[PDB]
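Order-wise, the sequence lines are chains B and A. For the first sequence, the positions run 1 to 197 when the entry's author numbering is used. For the second sequence, the positions run 1 to 197 when the entry's author numbering is used. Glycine included, C-beta positions come from ideal geometry on N, C-alpha and C. Okay, so here's the structure we're looking at.
Protein chains: 2
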Amino acid sequence: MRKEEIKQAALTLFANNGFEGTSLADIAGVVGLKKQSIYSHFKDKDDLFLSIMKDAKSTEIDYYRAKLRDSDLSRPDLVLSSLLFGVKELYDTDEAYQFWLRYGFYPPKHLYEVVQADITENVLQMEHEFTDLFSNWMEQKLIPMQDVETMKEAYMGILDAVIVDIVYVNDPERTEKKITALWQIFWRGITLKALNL
Amino acid sequence: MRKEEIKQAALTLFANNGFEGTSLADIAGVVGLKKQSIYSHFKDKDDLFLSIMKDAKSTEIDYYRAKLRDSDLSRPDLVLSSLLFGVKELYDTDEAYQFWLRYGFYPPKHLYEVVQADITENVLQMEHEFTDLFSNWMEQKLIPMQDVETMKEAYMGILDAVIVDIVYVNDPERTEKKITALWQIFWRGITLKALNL
Numbered sequence: 001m002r003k004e005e006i007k008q009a010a011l012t013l014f015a016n017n018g019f020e021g022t023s024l025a026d027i028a029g030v031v032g033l034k035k036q037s038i039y040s041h042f043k044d045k046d047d048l049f050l051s052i053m054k055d056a057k058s059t060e061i062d063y064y065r066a067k068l069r070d071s072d073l074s075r076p077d078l079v080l081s082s083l084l085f086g087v088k089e090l091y092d093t094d095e096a097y098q099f100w101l102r103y104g105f106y107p108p109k110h111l112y113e114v115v116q117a118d119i120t121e122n123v124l125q126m127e128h129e130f131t132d133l134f135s136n137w138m139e140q141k142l143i144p145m146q147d148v149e150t151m152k153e154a155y156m157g158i159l160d161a162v163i164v165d166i167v168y169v170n171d172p173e174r175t176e177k178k179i180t181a182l183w184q185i186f187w188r189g190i191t192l193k194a195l196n197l
Numbered sequence: 001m002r003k004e005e006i007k008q009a010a011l012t013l014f015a016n017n018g019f020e021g022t023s024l025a026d027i028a029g030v031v032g033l034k035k036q037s038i039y040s041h042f043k044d045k046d047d048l049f050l051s052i053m054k055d056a057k058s059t060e061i062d063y064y065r066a067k068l069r070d071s072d073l074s075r076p077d078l079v080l081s082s083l084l085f086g087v088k089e090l091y092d093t094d095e096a097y098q099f100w101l102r103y104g105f106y107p108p109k110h111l112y113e114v115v116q117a118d119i120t121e122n123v124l125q126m127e128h129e130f131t132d133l134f135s136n137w138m139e140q141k142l143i144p145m146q147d148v149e150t151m152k153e154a155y156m157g158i159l160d161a162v163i164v165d166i167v168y169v170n171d172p173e174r175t176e177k178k179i180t181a182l183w184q185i186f187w188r189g190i191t192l193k194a195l196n197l
């Protein structure tokens, strides 16, 4: 559809040229239209940007949910390490996720509150998913009993460190080393064991 | 002096209003001057911005060095936790550090390379400081002998997670909780009684 062609053209231009650098005339020209036709489908440039942000929001949370629900939940070490490396692979391959992570670090100022609500909605969903999963793993005696909130806060903090690296550092070697080190120390801290035996 | 009065006024305005939001006429008006006086001391607005950035670079590395050299080095847990909580306290109380952290996440595009060089220089200095300090603590038997690069990567990663929280979350209770959780799991992972023997 034309609406989705407009969103795809805007996504590319926004992700590569920034918000202020991207005009509706630019977007319309990519799809072969005039500016007036974009208003047939979106209220203004803010609405177009926020419509793409809403799609990208779903991209992120659907990915986390697949990683935390569709994997082998008897292996917490694989589940949680796979999600850390996974966000790196999703950033490499999904243009909407790139858009999401990059604009999370610098949203248009007049849209900050709406973008913040999108991010917050996903963080709360992640917090609930981690809290329930970590509790189940402790009851199953797969990891030592310990404060669930601490484990969730530390894991989401390590996710933040990985996300900063992927967005600001263009070096897959430096990123792989950083994720591996964070994972190794985190998992030692959670399991209070140096290796499973 | 007038030059340091101009830099102080520009520091505040840049840190609170952004690069484009801040004009030389704005800066001059704060100090009771006209624009011509700013060019008596700076080549242009970029030069003024980068001069503040160079001062802020020194603010950061001097603080890290004080926390890692002037504390009780027989207590690694106090030294490293004090630096994690400390960056938060420095951001709350030092305008140059606020400027440094905020513009690190979004530098003026045409000044990206020079700002990146400032940040990179400090990161390399921190890497060397941690590598030497961590090795010394292991030789002194204050923490278990283990891979130093892993410990350095993990600690600098948790510093990154804390800095994201400090800049993007304006809730001191949430930030305190995040730092505490990251520190507790990191320290458990580093100090594992299973690492020994």
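What would DSSP say about residue i, mapped onto helix, strand or coil?
{"i": "residue 51 of chain A", "result": "helix"}
{"i": "residue 22 of chain A", "result": "coil"}
{"i": "residue 196 of chain B", "result": "coil"}
{"i": "residue 170 of chain B", "result": "coil"}
{"i": "residue 75 of chain A", "result": "coil"}
{"i": "residue 33 of chain B", "result": "coil"}
{"i": "residue 205 of chain A", "result": "The displayed coordinates of chain A run from 1 to 197. Any statement about residue 205 of chain A would go beyond what the structure contains."}
{"i": "residue 39 of chain B", "result": "coil"}
{"i": "residue 126 of chain B", "result": "helix"}
{"i": "residue 63 of chain B", "result": "helix"}
{"i": "residue 106 of chain B", "result": "coil"}
{"i": "residue 151 of chain B", "result": "helix"}
{"i": "residue 156 of chain A", "result": "helix"}
{"i": "residue 132 of chain B", "result": "helix"}
{"i": "residue 46 of chain B", "result": "helix"}
{"i": "residue 118 of chain B", "result": "helix"}
{"i": "residue 92 of chain B", "result": "helix"}
{"i": "residue 70 of chain B", "result": "coil"}
Just tell me which of the options has its CA closest to the CA of residue i.
{"i": "residue 99 of chain A", "options": "A:33, A:71 and A:16", "result": "A:16"}
{"i": "residue 87 of chain A", "options": "A:158, A:188, A:8 and A:184", "result": "A:158"}
{"i": "residue 48 of chain A", "options": "A:59, A:5 and A:173", "result": "A:5"}
{"i": "residue 37 of chain A", "options": "A:162, A:21 and A:2", "result": "A:2"}
{"i": "residue 32 of chain B", "options": "B:171, B:10, B:63 and B:14", "result": "B:10"}
{"i": "residue 65 of chain B", "options": "B:123, B:185 and B:186", "result": "B:123"}
{"i": "residue 57 of chain A", "options": "A:102, A:89 and A:73", "result": "A:102"}
{"i": "residue 19 of chain B", "options": "B:7, B:45, B:35 and B:8", "result": "B:45"}
{"i": "residue 150 of chain A", "options": "B:161, B:162, B:138 and B:181", "result": "B:181"}
{"i": "residue 73 of chain B", "options": "B:129, B:166, B:173 and B:59", "result": "B:129"}
{"i": "residue 176 of chain A", "options": "A:187, A:60 and A:163", "result": "A:163"}
{"i": "residue 152 of chain A", "options": "B:179, B:105, B:24 and B:34", "result": "B:179"}
{"i": "residue 155 of chain B", "options": "B:138, B:168, B:185 and B:141", "result": "B:185"}
{"i": "residue 21 of chain B", "options": "B:147, B:108 and B:197", "result": "B:108"}
{"i": "residue 89 of chain A", "options": "A:30, A:116, A:63 and A:23", "result": "A:63"}
How close, in whole Å, do the beta carbons of residue i and residue j come, if the pair is a contact with beta carbons under 8 Å?
{"i": "residue 132 of chain A", "j": "residue 53 of chain A", "result": "Actually they do not touch by this definition, with Cβ atoms about 27 Å apart."}
{"i": "residue 13 of chain A", "j": "residue 50 of chain A", "result": "Incorrect: roughly 15 Å between the Cβ atoms, too far for contact."}
{"i": "residue 203 of chain A", "j": "residue 183 of chain A", "result": "Because chain A is modelled from 1 through 197, residue 203 of chain A falls outside the range shown and cannot be assessed."}
{"i": "residue 161 of chain A", "j": "residue 160 of chain B", "result": "5 Å"}
Quick one: Cα of residue i to Cα of residue j, how far?
{"i": "residue 96 of chain B", "j": "residue 28 of chain A", "result": "43 Å"}
{"i": "residue 43 of chain A", "j": "residue 91 of chain A", "result": "29 Å"}
{"i": "residue 195 of chain B", "j": "residue 55 of chain B", "result": "41 Å"}
{"i": "residue 170 of chain B", "j": "residue 120 of chain A", "result": "13 Å"}
{"i": "residue 70 of chain B", "j": "residue 190 of chain A", "result": "32 Å"}
{"i": "residue 8 of chain A", "j": "residue 79 of chain B", "result": "50 Å"}
{"i": "residue 59 of chain A", "j": "residue 93 of chain A", "result": "12 Å"}
{"i": "residue 165 of chain A", "j": "residue 105 of chain B", "result": "12 Å"}
{"i": "residue 172 of chain A", "j": "residue 61 of chain B", "result": "26 Å"}
{"i": "residue 75 of chain A", "j": "residue 137 of chain A", "result": "9 Å"}
{"i": "residue 201 of chain A", "j": "residue 168 of chain A", "result": "Limits of chain A in this structure are 1 at one end and 197 at the other, which puts residue 201 of chain A out of reach."}
{"i": "residue 125 of chain A", "j": "residue 174 of chain B", "result": "17 Å"}
{"i": "residue 39 of chain A", "j": "residue 25 of chain A", "result": "11 Å"}
{"i": "residue 203 of chain B", "j": "residue 35 of chain B", "result": "The requested residue 203 of chain B does not occur in the structure, where chain B is confined to residues 1 to 197."}
{"i": "residue 187 of chain A", "j": "residue 127 of chain A", "result": "19 Å"}
{"i": "residue 142 of chain A", "j": "residue 192 of chain A", "result": "12 Å"}
{"i": "residue 139 of chain B", "j": "residue 197 of chain B", "result": "19 Å"}
{"i": "residue 115 of chain B", "j": "residue 116 of chain A", "result": "27 Å"}
{"i": "residue 68 of chain B", "j": "residue 41 of chain A", "result": "57 Å"}
{"i": "residue 23 of chain B", "j": "residue 85 of chain B", "result": "35 Å"}
{"i": "residue 144 of chain A", "j": "residue 113 of chain A", "result": "40 Å"}
{"i": "residue 30 of chain B", "j": "residue 30 of chain A", "result": "45 Å"}
Q: Note down, in chain order, all residues in the segment 5-19 of chain B with a beta-carbon under 7 Å from any beta-carbon belonging to chain A.
A: Shown here is that no member of the segment 5-19 of chain B has a Cβ falling below 7 Å from a Cβ of chain A.
Q) Between the segment 106-117 of chain B and chain A, which residues of the former have CB atoms less than 7 Å from a CB of the latter, in chain order? A) 106
Q | Contacting positions in the segment 151-163 of chain B - beta carbon closer than 9 Å to chain A | A | Within the segment 151-163 of chain B, the residues whose Cβ lies closer than 9 Å to some Cβ of chain A are 151, 152, 153, 154, 155, 156, 157, 158, 159, 160, 161, 162 and 163, listed in chain order.
**Q.** Residues of the segment 168-190 of chain A with Cβ closer than 7 Å to any Cβ of chain B, in chain order
**A.** The segment 168-190 of chain A vs chain B, Cβ under 7 Å: 177, 178, 181, 182, 184, 185, 186, 188, 189 and 190.
Q | Chain-ordered residues of the segment 56-67 of chain A with a beta carbon less than 7 Å from chain B | A | none
Q. Looking at chain B, which residues of the segment 130-153 of chain A have a Cβ within less than 9 Å of any of its Cβ atoms?
A. 147, 149, 150, 151, 152 and 153
Q) Given a limit of 9 Å on CB to CB distance, which residues of the segment 79-102 of chain A reach chain B? A) none
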